[PDB]
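The chain below stands alone and is given in structure tokens; this is the form deposited without N-acetylalanine.
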């Protein structure tokens, strides 16, 4: 009756992609999420999706903490929820990407987590944990491992300036990034540098992807 994530939902007999209620160990009130029941067997809990630029992603700290957008469309689940999910078990991360030319690619990471051992994940900046890459999109996230999450109004990166403001996004910026999936929906090639929905290892630093979806599943 109380699935902890989309894998529990799947194993309980629910095979259709869609919105379901999940109840993380330390977030007993629970919340709704979009479940991908098809990718590599299914059971993936989505936490980010870009697909048409209908939602503004250049948001501040509170928004990235609490989440925004809609589960059936573009959205960000919220770092407080992502933390609740990834700390209750060992999760893997799957990232699906799509360009404006019919092309698709993906990146899988054997281990993924946010603020895994932080006493206060929010004050600690929801530090990223990620490793073990494999896929077709190439790795554009391993360099971000260990970095705190930075937004336009809360700098915690390794740059002299605010990477989030400079690259119009919100991410576990270093100095500054190799991936920027929460960047501006610029739609394809653009002159501005690395400030769109980027995944450098696949499409470079001046090409804003058409679609992106970040999801997790217990290892």
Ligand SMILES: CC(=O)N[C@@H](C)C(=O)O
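Numbering follows the first chain given and starts at 1.
Separately, the form deposited with N-acetylalanine bound exists; it is not shown, and the next lines address it.
- For this chain, the superposed copy of N-acetylalanine, brought over from its placement in the bound PDB entry, stays clear of the backbone and C-beta atoms by more than 2.4 Å at every atom, so the pocket is open.
- Contact check at 4.5 Å (heavy atoms) against N-acetylalanine in the bound PDB entry: all three of 167, 176 and 205 pass.
- In plain terms, the part of the chain that comes close to N-acetylalanine in the bound PDB entry, with a heavy atom within 4.5 Å, is 187-195 out of 37-45, 22-30, 64-72, 187-195.
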